[PDB]
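**Student:** One structure is given below, represented as structure tokens, and several questions about it will come after.
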Amino acid sequence: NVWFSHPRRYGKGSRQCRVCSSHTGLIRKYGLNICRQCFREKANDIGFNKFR
Amino acid sequence: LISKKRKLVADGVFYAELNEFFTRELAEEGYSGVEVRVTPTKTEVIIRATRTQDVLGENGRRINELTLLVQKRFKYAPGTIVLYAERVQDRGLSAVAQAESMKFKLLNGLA
Amino acid sequence: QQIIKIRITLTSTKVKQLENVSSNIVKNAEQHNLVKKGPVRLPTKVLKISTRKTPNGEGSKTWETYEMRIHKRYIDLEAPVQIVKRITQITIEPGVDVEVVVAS
Amino acid sequence: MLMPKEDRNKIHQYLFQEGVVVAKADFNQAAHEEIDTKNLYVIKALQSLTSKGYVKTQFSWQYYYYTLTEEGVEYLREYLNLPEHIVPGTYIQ
Amino acid sequence: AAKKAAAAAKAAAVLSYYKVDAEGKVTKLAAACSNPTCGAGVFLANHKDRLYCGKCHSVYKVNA
RNA sequence: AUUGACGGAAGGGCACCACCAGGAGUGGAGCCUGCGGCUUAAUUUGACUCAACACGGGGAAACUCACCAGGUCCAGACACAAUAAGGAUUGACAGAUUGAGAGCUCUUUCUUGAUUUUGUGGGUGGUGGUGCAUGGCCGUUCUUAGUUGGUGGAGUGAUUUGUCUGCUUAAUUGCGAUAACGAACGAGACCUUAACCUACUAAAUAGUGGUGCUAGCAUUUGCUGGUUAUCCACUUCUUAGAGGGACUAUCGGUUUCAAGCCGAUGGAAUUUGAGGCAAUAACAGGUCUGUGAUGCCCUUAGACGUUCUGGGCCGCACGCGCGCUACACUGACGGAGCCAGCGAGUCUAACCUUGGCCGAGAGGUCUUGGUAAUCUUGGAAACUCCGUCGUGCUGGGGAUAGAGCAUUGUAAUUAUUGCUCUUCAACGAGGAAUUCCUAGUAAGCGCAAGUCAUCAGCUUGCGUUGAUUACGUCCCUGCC
């Protein structure tokens with residue numbers, strides 16, 4: 001209304017996964033902002049075959 | 001405006017909502033993936049799929065349904081988004097489909 | 001007849017559509033005979049996202065290195081407002097981006 | 001849920017209309033895209049309409065996809081008093 | 001420790017806190033919050049030194 | 001009687017997480033941290049043979065935050081009945097009260113305006129439990145060689161060899177032996193990067209000569225420059241797209257003259273080096289302390305929910321790991337030479353900062369550029385220089401201390417760091433142990449990122465100097 005939402009910009013809780021919506025594990029690396037167990041998963045599709 | 005890295009990423013990730021949204025709703029249609037295109041005019045998504053005669057929508061509304069989602073979610077002017085579904089030529093050897101044809105076989109009550 | 005010195009800047013993930021487009025490029029433009037260069041060919045960027053394999057500490061320490069290798073690729077081309085437009089419209093394609101950073 | 005007779009009317013409005021709405025799971029937003037109706041609104045008033053089958057939700061990617069229900073769009077035809085000419089994006093070849 | 005029970009949404013079940021005259025004219029008493037919102041009606045209620053206005057949640061401070 | 005398995009029975013392979021051949025070490029200390037434990041307002045909490053020990057990216061002065069020692073306000077939806085515009089209730093001065101300019105309370109009695117308050121019904125706050133109610137992922141058997149099925153064919157069948165005596169490899173990797181014939185997954189193929197292309201394709205965000213303009217030494221035409229335009233011309237260079245290119249190739253041996261293995265030539269060039277993907281079956285390994293993924297218990301306003309403060313996880317006689325500098329003259333101090341590579345970076349605002357000053361210094365600043373091959377940014381250290389120190393625990397060692405001066409930070413105290421000068425602690429090459437390693441490899445000298453306001457003795461990544469020692473076994477362990 002102070003009294004339902006807090007000062008969440010910077011840290012971990014602010015940003016959350018794309019796919020599942022979790023905080024745990026993050027892939028920031030390249031406008032990516034997923035989690036860091038899922039990724040891999042699809043991905044092989046998404047771009048990220050491999051070459052090793 | 002984005003750094004080429006910055007683009008060919010979100011451009012792959014595009015294959016991570018049409019690959020999905022179709023996964024779940026089109027769990028029936030034969031889900032056949034997709035070509036996300038660019039051409040200097042459109043962004044055109046060709047839905048291959050093995051039942052174009054419930055996807056087409058009793059006239060063209062079921063196809064103006066999956067666009068006028070694909071537009072409002074991903075921002076597109078109205079026009080820059082035409083879904084051509086297209087049958088799926090060589091059905092025996094999809095892998096994914098003959099799996100979706102178990103999931104559909106089992107549900108339906110089988111041994 | 002207003003001349004313009006255009007510059008053609010490409011990028012993809014396949015060395016096979018891509019090479020295709022400065023063969024088509026520089027021979028759908030030497031048909032036109034244009035004053036141009038030859039497909040310049042730019043340092044190969046090339047991203048390696050280390051990630052562990054497991055879903056849970058457990059479990060040996062068990063790692064990956066998936067990556068997009070682009071081949072960056074550019075061109076040149078003169079020609080008025082008429083015969084760079086008939087060239088940019090044509091190569092038309094899957095996999096690929098064309099800019100026309102124009103030089104009026 | 002207790003809402004408002006100038007947001008309850010406004011939804012069930014680009015819901016019939018485009019016909020089709022695609023309103024994220026971020027409770028805690030002023031405002032939803034294409035409807036001034038904070039976000040959180042929708043989501044929950046639509047958890048209601050769905051629940052009857054004047055509509056039909058689909059999930060995943062975290063947006064709630066919705067999209068009309070072939071008929072249930074003949075309910076909105078009597079709620080926001082309107083024709084019994086049109087079908088809504090519906091017949092558009 | 002302890003629960004409240006939510007304030008009662010209480011029953012002045014009629015009204016007339018607006019010189020009902022005898023015969024044929026009605027007028028308007030206790031002011032009518034001197035604001036535009038607060039429009040023509042708004043029957044001001046009496047609290048500590050300053051008076052009290054609800055078209056705006058409640059608020060307003062104009063003596064009596 | 002059967003193989004999914006088991007043996008501390010025999011017979012074979014494979015790996016310096018196993019030994020040789022050896023190198024640098026850890027264990028000793030002066031000190032870093034992290035896990036045992038005693039302590040405590042509380043000393044939160046996961047994790048304990050390889051699979052717990054600078055590990056939850058755990059570098060925490062608030063916070064973070066889970067421990068308390070305490071202040072509050074509810075951020076109690078939805079329905080019902082009750083208070084009932086005759087006020088459900090809200091709010092506050094300042095003073096009593098405390099950390100306090102919390103009306104937390106109470107003094108007053110203004111304000112307040114059906115939004116609240118109260119019970120009843122019920123929810124939704126939960127880093128509180130349960131990893132053995134589970135999801136998802138990630139560790140382990142795994143720098144693994146291994147699964148499984150058709151048609152044959154064999155053999156009530158639990159079914160079997162096919163998947164093998166041998167020789168072969170990094171390898172169920174392949175010739176060959178074969179009532180077994182031919183395939184799938186793994187491996188390999190494939191993707192990343194490091195090398196090579198005096199052929200292409202272009203470059204005032206890369207550099208050449210020629211060109212002046214030009215500043216010195218020579219004067220001999222020469223030599224040394226300065227010039228984001230004076231012009232152009234270039235594209236070895238430097239970038240980087242296409243592309244190509246290596247297959248152990250060529251004889252020679254060596255062998256069932258099979259698969260393979262040495263050697264020498266050409267070559268840029270131990271699977272070209274290296275990673276990354278990584279079946280089959282799992283483990284009651286870990287995790288509800290990443291989650292708005294989540295069962296079921298508990299919590300629901302004297303809450304285990306939230307938030308302002310202060311301390312707490314940094315407390316030591318000590319036990320156990322991961323680590324930094326050093327026991328020297330093959331070094332410590334100093335001038336004077338004086339050299340890379342991985343990055344990063346300010347936008348809606350303070351990230352990088354020079355330059356030119358002020359400061360012994362640490363710094364301060366004016367002002368500058370830079371959303372970056374465009375700026376700081378071409379000048380990092382081991383070292384060559386030229387020497388003082390002379391076998392003196394020193395002129396190796398840099399512990400612990402006293403102050404000041406600075407540079408951040410609402411808070412600097414259980415001094416975040418730094419400088420300025422002095423206090424000059426052990427240890428004079430590290431026992432029973434025990435690691436990691438076959439080539440630009442072992443190891444040391446640095447630095448940029450990951451934290452981040454800062455505080456690295458860690459995590460990652462790079463190069464600049466760069467060798468010994470094998471290039472083999474089954475003595476061991478370990479597992480097949």
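Here, A, B, ... name the chains of the structure tokens in the order displayed, residue numbers run from 1 inside each chain, and ligands are numbered from 1 in the same displayed order.
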Taking only C-alpha atoms (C1' of nucleotides) into account, what are the residues of chain E at most 8 Å from chain F, put as JSON, numbers by chain?

**Tutor:** {"E": [1, 2, 3, 4, 5, 6, 7, 8, 9, 10, 11, 12, 15, 45, 47, 48, 49, 50, 51, 52, 53, 54, 57, 58, 59]}

**Student:** With only C-alpha atoms (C1' of nucleotides) considered, list every residue of chain A at most 8 Å from chain F, as a PyMOL selection string.

**Tutor:** chain A and resi 1-5+20-25+37-38+49-52

**Student:** Could the residues in this selection be saved with N, CA, C and O atoms as a tab-separated table (two decimals), in the first residue's frame?

**Tutor:**
```tsv
chain	number	residue	atom	x	y	z
A	1	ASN	N	0.85	-1.23	0.00
A	1	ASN	CA	0.00	0.00	0.00
A	1	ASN	C	0.87	1.27	0.00
A	1	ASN	O	0.71	2.15	0.84
A	2	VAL	N	4.93	-1.03	2.16
A	2	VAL	CA	5.33	0.07	3.03
A	2	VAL	C	5.06	-0.25	4.50
A	2	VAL	O	5.39	-1.34	4.98
A	3	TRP	N	2.23	-2.63	2.35
A	3	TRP	CA	2.84	-2.69	3.67
A	3	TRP	C	3.13	-4.12	4.16
A	3	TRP	O	2.87	-5.09	3.47
A	4	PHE	N	2.90	-3.67	0.38
A	4	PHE	CA	3.07	-5.11	0.22
A	4	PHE	C	4.38	-5.45	-0.53
A	4	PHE	O	4.73	-6.62	-0.66
A	5	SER	N	5.09	-4.43	-1.01
A	5	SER	CA	6.39	-4.63	-1.65
A	5	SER	C	7.21	-3.34	-1.69
A	5	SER	O	8.42	-3.37	-1.90
A	20	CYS	N	10.57	-21.48	-15.32
A	20	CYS	CA	10.67	-22.16	-14.05
A	20	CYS	C	10.60	-21.15	-12.93
A	20	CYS	O	9.96	-21.39	-11.90
A	21	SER	N	11.28	-20.02	-13.14
A	21	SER	CA	11.12	-18.81	-12.33
A	21	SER	C	11.94	-18.82	-11.02
A	21	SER	O	11.65	-18.05	-10.10
A	22	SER	N	12.98	-19.64	-10.96
A	22	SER	CA	13.79	-19.80	-9.75
A	22	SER	C	14.88	-18.73	-9.59
A	22	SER	O	15.38	-18.17	-10.57
A	23	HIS	N	15.21	-18.46	-8.33
A	23	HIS	CA	16.46	-17.75	-7.97
A	23	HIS	C	17.83	-18.45	-8.00
A	23	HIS	O	18.88	-17.82	-8.13
A	24	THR	N	17.78	-19.78	-7.89
A	24	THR	CA	18.95	-20.62	-7.65
A	24	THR	C	19.65	-20.94	-8.96
A	24	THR	O	19.09	-21.61	-9.83
A	25	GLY	N	20.88	-20.44	-9.09
A	25	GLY	CA	21.65	-20.59	-10.31
A	25	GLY	C	21.16	-19.59	-11.34
A	25	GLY	O	19.96	-19.46	-11.58
A	37	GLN	N	20.64	-24.95	-13.88
A	37	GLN	CA	20.62	-26.37	-14.17
A	37	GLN	C	19.99	-26.63	-15.53
A	37	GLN	O	20.39	-27.55	-16.24
A	38	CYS	N	19.02	-25.80	-15.88
A	38	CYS	CA	18.27	-25.98	-17.12
A	38	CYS	C	19.16	-25.76	-18.35
A	38	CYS	O	19.51	-26.73	-19.03
A	49	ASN	N	25.38	-25.80	-30.57
A	49	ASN	CA	25.83	-27.14	-30.27
A	49	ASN	C	27.21	-27.12	-29.60
A	49	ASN	O	27.67	-26.07	-29.14
A	50	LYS	N	27.83	-28.29	-29.51
A	50	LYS	CA	29.25	-28.44	-29.18
A	50	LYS	C	29.82	-29.50	-30.11
A	50	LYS	O	29.39	-30.65	-30.11
A	51	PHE	N	32.44	-27.75	-29.24
A	51	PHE	CA	32.37	-28.42	-30.55
A	51	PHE	C	32.37	-29.94	-30.81
A	51	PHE	O	33.42	-30.60	-30.76
A	52	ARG	N	35.59	-30.25	-28.72
A	52	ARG	CA	35.01	-30.93	-27.57
A	52	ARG	C	33.49	-31.04	-27.72
A	52	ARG	O	32.98	-31.88	-28.46
```

**Student:** Got a sec to pull out which chain A residues are within 6 Å of chain B, counting only C-alpha atoms, and send them as a PDB file with C-alpha atoms, in the first residue's frame?

**Tutor:**
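Produced file iface09.pdb, reproduced below:
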```
ATOM      1  CA  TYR A  30      24.353 -12.373 -22.854  1.00  0.00           C
ATOM      2  CA  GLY A  31      20.810 -10.870 -23.070  1.00  0.00           C
ATOM      3  CA  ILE A  46      18.127 -22.523 -28.698  1.00  0.00           C
TER       4      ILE A  46
END
```

**Student:** Would you list the contacts of stretch 40-54 of chain D as a list in words, taking every protein, DNA or RNA residue within 8 Å and counting only C-alpha atoms (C1' of nucleotides), but skipping same-chain residues closer than 3 positions in sequence?

**Tutor:**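 These residues fall inside the cut-off: residues 1, 8, 11, 23, 26, 27, 28, 29, 37, 57, 64, 68, 69, 71, 72, 73 and 75 of chain D.
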
**Student:** For the residues in the current selection, export N, CA and C atoms as a tab-separated table (two decimals), in the first residue's frame.

**Tutor:**
```
chain	number	residue	atom	x	y	z
D	1	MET	N	-12.75	-12.53	-5.03
D	1	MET	CA	-12.02	-11.24	-5.14
D	1	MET	C	-12.98	-10.05	-5.34
D	8	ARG	N	-13.64	-4.16	-14.20
D	8	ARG	CA	-14.37	-5.40	-14.49
D	8	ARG	C	-14.94	-5.39	-15.91
D	11	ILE	N	-11.89	-5.23	-19.10
D	11	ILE	CA	-11.06	-6.37	-19.46
D	11	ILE	C	-11.57	-7.10	-20.70
D	23	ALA	N	-1.65	-11.94	-20.79
D	23	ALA	CA	-1.16	-11.17	-19.65
D	23	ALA	C	-0.32	-12.02	-18.71
D	26	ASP	N	4.02	-11.90	-12.76
D	26	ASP	CA	4.21	-10.67	-11.97
D	26	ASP	C	3.01	-9.75	-12.20
D	27	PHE	N	1.85	-10.78	-10.20
D	27	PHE	CA	1.53	-9.99	-9.02
D	27	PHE	C	2.67	-8.99	-8.75
D	28	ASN	N	2.33	-7.82	-8.18
D	28	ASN	CA	3.30	-6.79	-7.70
D	28	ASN	C	3.68	-5.66	-8.71
D	29	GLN	N	2.98	-5.54	-9.84
D	29	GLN	CA	3.24	-4.43	-10.80
D	29	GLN	C	2.58	-3.13	-10.35
D	37	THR	N	-5.82	-1.89	-16.34
D	37	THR	CA	-6.12	-2.89	-15.33
D	37	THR	C	-5.01	-3.93	-15.21
D	57	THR	N	-7.71	-21.49	-20.39
D	57	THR	CA	-6.30	-21.14	-20.11
D	57	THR	C	-5.34	-22.22	-20.63
D	64	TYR	N	0.53	-17.14	-18.64
D	64	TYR	CA	-0.90	-17.46	-18.80
D	64	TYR	C	-1.39	-16.96	-20.18
D	68	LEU	N	-9.84	-17.05	-26.53
D	68	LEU	CA	-11.31	-17.27	-26.54
D	68	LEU	C	-11.90	-18.66	-26.30
D	69	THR	N	-13.21	-18.66	-26.03
D	69	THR	CA	-14.05	-19.87	-26.07
D	69	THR	C	-15.45	-19.51	-26.57
D	71	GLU	N	-19.19	-18.80	-28.98
D	71	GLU	CA	-20.32	-19.41	-28.25
D	71	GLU	C	-20.85	-18.91	-26.88
D	72	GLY	N	-18.14	-19.61	-25.80
D	72	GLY	CA	-18.42	-18.77	-24.64
D	72	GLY	C	-18.36	-17.27	-24.85
D	73	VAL	N	-18.02	-16.83	-26.07
D	73	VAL	CA	-17.99	-15.38	-26.39
D	73	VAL	C	-19.39	-14.81	-26.71
D	75	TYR	N	-21.69	-14.88	-24.08
D	75	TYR	CA	-22.15	-14.66	-22.70
D	75	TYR	C	-22.67	-13.24	-22.48
```

**Student:** Define the interface residues of chain B facing chain C as those within 9 Å, counting only C-alpha atoms, and report them as a PDB file with N, CA and C atoms, in the first residue's frame.

**Tutor:**
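What ended up in out.pdb:
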```pdb
ATOM      1  N   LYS B   4      25.742  -7.581 -32.432  1.00  0.00           N
ATOM      2  CA  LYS B   4      25.701  -8.885 -33.120  1.00  0.00           C
ATOM      3  C   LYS B   4      26.161 -10.022 -32.209  1.00  0.00           C
ATOM      4  N   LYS B   5      26.906 -12.608 -30.592  1.00  0.00           N
ATOM      5  CA  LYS B   5      26.705 -12.116 -29.234  1.00  0.00           C
ATOM      6  C   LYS B   5      25.264 -11.592 -29.047  1.00  0.00           C
ATOM      7  N   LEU B   8      22.271 -12.788 -32.083  1.00  0.00           N
ATOM      8  CA  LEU B   8      22.160 -14.184 -32.525  1.00  0.00           C
ATOM      9  C   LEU B   8      21.994 -15.168 -31.350  1.00  0.00           C
ATOM     10  N   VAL B   9      22.111 -14.674 -30.119  1.00  0.00           N
ATOM     11  CA  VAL B   9      21.670 -15.418 -28.942  1.00  0.00           C
ATOM     12  C   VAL B   9      20.198 -15.771 -29.087  1.00  0.00           C
ATOM     13  N   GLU B  35      11.721 -22.907 -39.480  1.00  0.00           N
ATOM     14  CA  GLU B  35      12.099 -21.669 -40.146  1.00  0.00           C
ATOM     15  C   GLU B  35      10.937 -20.678 -40.182  1.00  0.00           C
ATOM     16  N   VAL B  36      12.072 -20.515 -37.174  1.00  0.00           N
ATOM     17  CA  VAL B  36      12.312 -19.145 -37.614  1.00  0.00           C
ATOM     18  C   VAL B  36      13.569 -19.069 -38.481  1.00  0.00           C
ATOM     19  N   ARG B  37      11.402 -17.166 -40.617  1.00  0.00           N
ATOM     20  CA  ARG B  37      12.419 -16.201 -41.017  1.00  0.00           C
ATOM     21  C   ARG B  37      11.981 -14.787 -40.638  1.00  0.00           C
ATOM     22  N   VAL B  38      14.777 -13.986 -41.220  1.00  0.00           N
ATOM     23  CA  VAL B  38      14.374 -12.772 -41.945  1.00  0.00           C
ATOM     24  C   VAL B  38      14.276 -12.740 -43.501  1.00  0.00           C
ATOM     25  N   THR B  39      13.206 -12.142 -44.021  1.00  0.00           N
ATOM     26  CA  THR B  39      13.182 -11.628 -45.395  1.00  0.00           C
ATOM     27  C   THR B  39      12.866 -10.130 -45.274  1.00  0.00           C
ATOM     28  N   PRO B  40      13.362  -9.287 -46.208  1.00  0.00           N
ATOM     29  CA  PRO B  40      13.075  -7.842 -46.085  1.00  0.00           C
ATOM     30  C   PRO B  40      11.575  -7.471 -46.254  1.00  0.00           C
TER      31      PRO B  40
END
```

**Student:** Counting only C-alpha atoms (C1' of nucleotides), which residues of chain F fall within 7 Å of chain C, and what is the closest atom pair for each with its distance in Å at one decimal, ordered by chain and rising number, as a Markdown table?

**Tutor:**
```
| residue | atom | partner | partner_atom | distance |
| --- | --- | --- | --- | --- |
| F:51 | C1' | C:59 | CA | 6.0 |
| F:137 | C1' | C:55 | CA | 2.5 |
| F:138 | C1' | C:54 | CA | 2.8 |
| F:139 | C1' | C:59 | CA | 1.5 |
| F:140 | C1' | C:59 | CA | 4.5 |
| F:192 | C1' | C:67 | CA | 6.8 |
| F:201 | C1' | C:38 | CA | 3.7 |
| F:202 | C1' | C:40 | CA | 5.7 |
| F:239 | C1' | C:43 | CA | 6.6 |
| F:240 | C1' | C:42 | CA | 3.0 |
| F:241 | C1' | C:41 | CA | 1.6 |
| F:242 | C1' | C:41 | CA | 5.8 |
| F:276 | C1' | C:65 | CA | 4.2 |
| F:286 | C1' | C:58 | CA | 5.3 |
| F:287 | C1' | C:56 | CA | 6.7 |
```

**Student:** Which distance in Å separates atom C1' of residue F:415 and atom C1' of residue F:310, to one decimal?

**Tutor:**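 According to the coordinates, atom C1' of residue F:415 and atom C1' of residue F:310 are separated by 20.1 Å.
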
**Student:** May I have the residues within 9 Å of residue F:61 as a list in words, using only C-alpha atoms (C1' of nucleotides) and disregarding those fewer than 6 positions away in the same chain?

**Tutor:** residues 411, 412 and 416 of chain F

**Student:** Just to be explicit: take each residue in the selection above, keep N, CA and C atoms (P, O5', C5', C4', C3', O3' and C1' of nucleotides), and write the result as a PDB file, in the first residue's frame.

**Tutor:**
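Full text of selection-v2.pdb as output:
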```pdb
ATOM      1  P     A F 411      29.922   7.687   8.554  1.00  0.00           P
ATOM      2  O5'   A F 411      29.600   7.021   9.969  1.00  0.00           O
ATOM      3  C5'   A F 411      30.612   6.343  10.752  1.00  0.00           C
ATOM      4  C4'   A F 411      29.967   5.590  11.898  1.00  0.00           C
ATOM      5  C3'   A F 411      30.667   4.305  12.349  1.00  0.00           C
ATOM      6  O3'   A F 411      31.398   4.476  13.557  1.00  0.00           O
ATOM      7  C1'   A F 411      28.494   3.803  11.577  1.00  0.00           C
ATOM      8  P     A F 412      35.274   7.299  13.453  1.00  0.00           P
ATOM      9  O5'   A F 412      35.062   6.038  12.495  1.00  0.00           O
ATOM     10  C5'   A F 412      33.944   5.144  12.683  1.00  0.00           C
ATOM     11  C4'   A F 412      34.411   3.710  12.774  1.00  0.00           C
ATOM     12  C3'   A F 412      35.895   3.531  13.110  1.00  0.00           C
ATOM     13  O3'   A F 412      36.086   2.531  14.108  1.00  0.00           O
ATOM     14  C1'   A F 412      35.384   2.351  11.139  1.00  0.00           C
ATOM     15  P     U F 416      40.993  -0.245   9.525  1.00  0.00           P
ATOM     16  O5'   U F 416      40.186  -1.320   8.663  1.00  0.00           O
ATOM     17  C5'   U F 416      39.136  -2.147   9.220  1.00  0.00           C
ATOM     18  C4'   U F 416      38.454  -2.943   8.129  1.00  0.00           C
ATOM     19  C3'   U F 416      39.390  -3.752   7.247  1.00  0.00           C
ATOM     20  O3'   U F 416      38.772  -4.915   6.715  1.00  0.00           O
ATOM     21  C1'   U F 416      38.557  -1.849   6.061  1.00  0.00           C
TER      22        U F 416
END
```

**Student:** What residues in chain B have any atom no more than 8 Å from chain D when counting only C-alpha atoms, and can you write them as a list in words?

**Tutor:**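 Here they are: residues 17, 20, 21, 24, 25, 59, 60, 61, 64, 65, 68, 69, 72 and 73 of chain B.
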
**Student:** Applying 12 Å and only C-alpha atoms (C1' of nucleotides), which residues near stretch 46-48 of chain F remain after dropping the ones on its own chain fewer than 5 positions away? List them as a VMD selection string.

**Tutor:** (chain C and resid 57 to 58) or (chain F and resid 35 to 36 53 55 to 56 58 66 127 131 285 to 287 289 320)

**Student:** Could you tell me how far atom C1' of residue F:384 sits from atom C1' of residue F:336, in Å to one decimal place?

**Tutor:**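 These two atoms are separated by 10.1 Å.
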